[PDB]
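As the structure lists them, so they are numbered: ligands from 1, and atoms in each ligand from 1. In the text below, chain A, chain B and the rest are named by the order of the sequence lines, each starting its count at 1. Just the heavy atoms: all of them, side chains too, but no hydrogens, waters or symmetry mates, feed the values below.
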Amino acid sequence: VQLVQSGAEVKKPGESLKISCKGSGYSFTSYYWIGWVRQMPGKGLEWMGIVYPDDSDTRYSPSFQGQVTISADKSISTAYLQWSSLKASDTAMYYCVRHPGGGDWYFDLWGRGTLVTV
Amino acid sequence: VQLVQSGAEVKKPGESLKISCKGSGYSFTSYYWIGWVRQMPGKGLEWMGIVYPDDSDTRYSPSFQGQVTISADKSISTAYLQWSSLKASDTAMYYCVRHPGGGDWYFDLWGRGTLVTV
Amino acid sequence: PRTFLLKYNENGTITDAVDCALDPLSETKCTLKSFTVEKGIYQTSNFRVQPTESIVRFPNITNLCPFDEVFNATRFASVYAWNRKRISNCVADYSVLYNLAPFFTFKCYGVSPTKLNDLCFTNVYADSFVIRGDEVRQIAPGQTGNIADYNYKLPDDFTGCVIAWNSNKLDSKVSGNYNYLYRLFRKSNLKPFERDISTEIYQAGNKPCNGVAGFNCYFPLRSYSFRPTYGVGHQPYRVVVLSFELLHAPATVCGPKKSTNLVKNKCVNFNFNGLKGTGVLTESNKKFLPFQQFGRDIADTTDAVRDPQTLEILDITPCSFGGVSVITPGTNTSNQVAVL
Amino acid sequence: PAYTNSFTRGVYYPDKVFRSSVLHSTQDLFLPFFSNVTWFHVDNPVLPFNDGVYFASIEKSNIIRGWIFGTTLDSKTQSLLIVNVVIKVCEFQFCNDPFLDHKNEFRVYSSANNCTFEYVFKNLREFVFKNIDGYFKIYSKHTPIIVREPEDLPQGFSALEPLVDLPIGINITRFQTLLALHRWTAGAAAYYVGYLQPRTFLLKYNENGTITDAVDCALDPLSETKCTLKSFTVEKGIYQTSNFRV
Amino acid sequence: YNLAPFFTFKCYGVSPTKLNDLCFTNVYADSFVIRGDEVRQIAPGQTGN
Amino acid sequence: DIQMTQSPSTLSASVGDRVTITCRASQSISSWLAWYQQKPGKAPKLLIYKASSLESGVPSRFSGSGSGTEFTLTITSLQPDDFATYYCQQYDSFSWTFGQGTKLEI
Amino acid sequence: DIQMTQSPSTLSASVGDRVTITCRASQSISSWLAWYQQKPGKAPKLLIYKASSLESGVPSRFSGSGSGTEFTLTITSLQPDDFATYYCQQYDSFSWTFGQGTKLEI
Ligand SMILES: *[C@@H]1O[C@H](CO)[C@@H](O[C@@H]2O[C@H](CO)[C@@H](O)[C@H](O)[C@H]2NC(C)=O)[C@H](O)[C@H]1NC(C)=O
Ligand SMILES: *[C@@H]1O[C@H](CO)[C@@H](O)[C@H](O)[C@H]1NC(C)=O
Ligand SMILES: *[C@@H]1O[C@H](CO)[C@@H](O)[C@H](O)[C@H]1NC(C)=O
Ligand SMILES: *[C@@H]1O[C@H](CO)[C@@H](O)[C@H](O)[C@H]1NC(C)=O
């Protein structure tokens, strides 16, 4: 029951950034909401968005809506965080997180992390 | 991002055979139409058929209708061409192809080919 | 299955019965609801000549309708430019439609589906387009939504069938299919069965929009971006709306019905291009104009018809009928009766 | 603009049903009796389309060959071309002066793009053009006529038989006659335009099924009495015909 | 009309289209969650648990 | 967007002490707060969900309480691994918001 | 089935020449034509889609034009890479068909 994220990488501004999270160890992976959380260096966590892998439904925070695009490949049990127009503000370490179903909307599972510095 | 096809198989006429091709390197494998195209040695390309791995939907060509049996398995993203009772004319290269959905029905990717000899 | 009149006595025992259809006297007994009939003449039932045979007359057309091109087309049209194809001069077998797929919608207005094969239509028209699944509900008479308001409006008195099925296999691309377009801005709602293919910029605001594409200035058409990954509601759906005119006329489109021979001067059941009745067909001196295919009397009942094969005018007369009166001397006097 | 009287012209068969020796009341788009119809000599103005048009032509040399129907009569909006028959529903860029020149020929449009529908003074040709439910209905009747005065429409009754219904599916608000410049110099031919109105008519079908005569119910109190009594002859008396409502 | 792909919107005594043209004296919204097969039970004069 | 203020921003307490952290909500949430342990350079780990129940693998020393706008997180006896950043997030309504975080020092 | 006739069957030209292969369809196929190149013993490579749009990773010298019945594939400058068989495939309608092919030769 773990979420393995893509390796931390450094990219220059204006490039397309894709971060991959693959979930393993739990069945019915497509039925769990999978989201992304941003931590700026020396800042608190900010929830960014969630996706339902089965139907690809996406929900976003008002700040990060449009700026990010979060997608789910249900076939390989993966979720992708896609950023366009990388900038200096787009420098933070990102967590892939899992949601339980029903009314429990905390992040029970957290990935190791993916630092991205621009 | 390419299709891996099985090795050449040589069989005498009247024997059943199945040729497998699996795409690799591209996401959403089951949602791409995977087809077989036959090229007779020193002859033009002839499209054999196509299959949708997600729901196992097949659209055979009228020339090869009722003769070939194209099927697919989305679990391993592998499309199988099952031919029963190999006839003498059935001595040609078989290409596994992938083509996108929508209006773009052209075969963008081609497999290396199998030297089916009968 | 017969009507009987039963005499229950004081103890509940059926002591006698009258078979109403046995003879005129028993029919009079049943009509009078008594086992005794007084002297007189009684109206009992109605005489009516029954049809000897059944006649079917349908146009001498065998070529099937081009439903295959309409429904099995590789790529449909966009909803803003929905394609209208004329179905005419052909046999329309609607049974082929059912077998194709588990249709999301095969909803008919003004007709029933199972009877479509038994009817004749003047000029069928198939309107084909692609929409989103959630927008499939907007393809119906008196509906509200972007597709209904600005792309394709069905009339309130719409006679025809809307058929919608999932086209995720053929219209969804992993990168995204942007070919299909819908009109999102228009000055006024489209009138029923009208197509707007104008690409002029929509001027929501007062300031002119000569291609500026600024605020309040938008291009009316917008892409759909169909992808296989999205849910069924966002998956593309192919919709064919068949609109036909049912009021009888020279019928180019008819169902697969085998015509029988035309028999005159006899009381027969008849089916002329879906018009069913019972009567005597006879040669008629009425002169029909070419657009005229039948004639009506003051009760709007078809009294003359034109044969689909021979183009011959035939008068339709109801099979002979009348009242039946039983003259009886009285059951006390005798069981003899006379019939008028 | 010159004007004249339509008299009882402009009556067409409402439906395809054959009727004989009957009086039938029909509510439809008809040319009002004794209406004020505008008459032109061969002049091709852009006459509007208002719920339907009745177009009459008195000529012998076929100056009028067709009509164009549209909302803007330009490439931005799709428009209908009917010419003597070629019928095209295309995004025509019509010229300001649409006419045909014949040599012993179409100058109507500079270009035609994005077509959606394709189809192929002793003569009086009367036409009825209606556009309802995306359908363009054309009724027609041709009569050899003799005129003491060329301007006058012949006074009498003749009915217009259905010609064709087209699924053009466009928004028509204007129309223009297509004129043949002859062998340019073209001789004048009389063409009359009368705008149809939603009206109730009482039509007499004779023994042979022809509409011999009619009563326009809203023309005058006598016609309303005739329609209420469903007869063409009214006896002496007082008849309650209708209720006036503001 | 933008709520979920295939919402069931069933109006008794009114029309779905006409609600925007009407004035309502007293309006109450009752919200709950049930099984899908039990949705048809939410209607005037129906039988179910 | 429910706003969470976490007090104090930084707290210093000797090992073995009882430490309390307050999470305050802009609008009331019906016991829908979660408490996470984030060690430096590490992934936040869920301690407490619903503000009362604690996640498996979390010792009983960590505890939570509170309801409405005010919530509290308490450690009865500190441990060397206990000292690290703590986060509170509401999941009553969407657009979930985290606390600023409390850095714990000996 | 829509029938594709490809001309000429064999064409011989030197390096640096300009060639114009033609493909004709029995029925009008709009602009839904794909041009493919196959070297002997090698899988065919998609060159042109939508009858004018080159596939990525293909030399820009390739060009396509035409609609309906007529289709032209033009190469401004020939190279040993260009010397392979060329096929035209219609994808306007199902039961897709390939052209007989043109054997471009030195
Ligand atoms: C469209 O294509 C489908 C699939 O090829 C046709 O459906 C077949 O029709 C035949 C004869 O009607 C049946 O025997 C097959 O069983 C059908 N196949 C399936 C998968 O349903 C269909 O006839 C074609 N034409 C139309 C108008 O739908
Ligand atoms: C038809 O065109 C006129 C003028 O171009 C316009 O005012 C009217 O709104 C249009 N009607 C429809 C239904 O498009
Ligand atoms: C017809 O119209 C013209 C000008 O509009 C007017 O002079 C004439 O009196 C009108 N005739 C009738 C009968 O209304
Ligand atoms: C109308 O024709 C022009 C000219 O080719 C074309 O560019 C435009 O796309 C066409 N409009 C539609 C809706 O097809």
Side-chain angles (χ1 to χ4, degrees), chain B residues 103, chain C residues 75-84 129 148-156 178-203 211 219-223, chain D residues 1-9 31-40 45-51 68-80 88-94 109-117 131-136 151-153 155 168-175 192-195 197 216 219-220, chain G residues 30-31 50 52 67-68:
Chain C
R75 45 185 64 81
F76 276 36
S78 313
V79 67
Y80 76 97
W82 49 273
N83 172 239
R84 169 160 280 189
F129 47 84
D149 296 340
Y150 305 133
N151 297 289
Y152 186 74
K153 182 86 198 66
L154 279 185
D156 189 358
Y178 305 85
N179 297 345
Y180 296 111
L181 296 173
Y182 62 96
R183 183 169 310 266
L184 183 63
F185 319 98
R186 207 182 184 272
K187 307 175 76 71
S188 49
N189 271 353
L190 278 162
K191 68 181 178 67
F193 284 151
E194 192 216 334
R195 187 190 299 100
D196 189 39
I197 51 174
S198 180
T199 58
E200 293 200 68
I201 301 299
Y202 178 68
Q203 188 186 329
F219 195 47
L221 315 171
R222 298 291 298 274
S223 296
Chain D
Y3 298 68
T4 187
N5 205 237
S6 67
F7 297 110
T8 54
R9 297 290 180 183
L31 178 71
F33 273 8
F34 307 95
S35 47
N36 207 359
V37 295
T38 304
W39 61 283
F40 291 163
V46 182
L47 297 171
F49 207 84
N50 290 315
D51 293 89
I68 54 181
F69 313 82
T71 174
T72 68
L73 277 296
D74 68 12
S75 61
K76 293 177 307 179
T77 47
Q78 184 177 182
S79 288
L80 170 66
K88 299 158 52 185
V89 178
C90 307
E91 290 192 3
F92 299 101
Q93 177 76 22
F94 285 120
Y109 54 92
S110 79
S111 67
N113 279 268
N114 303 327
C115 295
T116 315
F117 179 90
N131 173 45
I132 297 89
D133 198 47
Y135 275 102
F136 198 77
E151 156 184 9
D152 289 355
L153 294 174
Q155 190 186 11
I168 65 173
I170 62 176
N171 178 9
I172 292 173
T173 65
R174 269 136 48 92
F175 89 97
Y192 312 78
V193 169
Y195 286 83
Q197 288 174 24
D216 178 11
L219 170 73
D220 50 24
Chain G
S30 188
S31 296
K50 187 66 178 175
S52 62
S67 177

**Q.** Short N or O distance, C/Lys191 and ligand 2, threshold 3.5 Å exclusive
**A.** no

Q.
Yes or no: does C/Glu194 have any heavy atom under 4.0 Å from an atom of ligand 2?
A. yes

Q: Scan side-chain atoms only and decide if D/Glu91 and D/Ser79 contain a donor-acceptor pair under the 3.5 Å cut-off.
A: no

Check each N or O atom of ligand 4 against all protein N or O atoms and list the pairs under 3.5 Å, with atom names and distances to 0.1 Å, one per line.
from, atom 1, to, atom 2, distance (Å)
ligand 4, 2 (O), D/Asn114, OD1, 2.9
ligand 4, 2 (O), D/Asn114, ND2, 2.4
ligand 4, 11 (N), D/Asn114, ND2, 2.9

Q: For ring-ring contact (aromatic ring centres under 6.0 Å, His included), just list the numbers for D/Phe136 and D/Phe69, CA-CA rounded to whole Å, side-chain angles, deciding distance to a tenth of an Å, and then say yes or no.
A: CA-CA 10 Å; D/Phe136 198 77; D/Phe69 313 82; 4.7 Å; yes

(Q) If you measure every N or O of D/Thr72 against every N or O of ligand 2, does any of those distances drop under 3.5 Å? (A) no

Q. Which heavy atom of C/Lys191 sits nearest a heavy atom of C/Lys153, and at what distance?
A. O-CB, 4.2 Å

Q) Any idea which part of D/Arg174 is under 4.0 Å from ligand 2, heavy-atom wise: side chain, backbone, both or neither? A) neither

Q. Run the ring-ring contact (aromatic ring centres under 6.0 Å, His included) check on C/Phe185 and C/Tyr150 step by step: do they pass?
A. CA-CA 7 Å; C/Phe185 319 98; C/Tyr150 305 133; 8.2 Å; no

Q) Atoms of ligand 2 less than 4.0 Å from C/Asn189 heavy atoms? A) 13 (C)

Q.
Does either side chain, that of D/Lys88 or that of D/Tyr109, offer a donor lying less than 3.5 Å from an acceptor on the other one?
A. yes

Q.
Any non-hydrogen side-chain atom of D/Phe175 less than 4.5 Å from a side-chain atom of D/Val193?
A. yes

Q.
Before we go on, tell me: are the rings of D/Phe7 and D/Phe33 under 6.0 Å apart, centre to centre?
A. no

(Q) Could you tell me, atom by atom, which parts of ligand 2 come under 4.0 Å of a heavy atom of C/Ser188? (A) 9 (O), 12 (C), 14 (O)

Q. Which atom pair, heavy atoms only, marks the closest approach of C/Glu194 to D/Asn171?
A. OE2-CB, 3.6 Å

Q. When rounded to the nearest 0.5 angstrom, what distance separates CZ in C/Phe193 from CG in C/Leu154?
A. 5.5 Å

Q: Within a distance under 4.0 Å of any heavy atom of D/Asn36, pick out the atoms of ligand 3 and give their elements.
A: 1 (C), 2 (O), 3 (C), 8 (C), 10 (C), 11 (N), 12 (C), 14 (O)

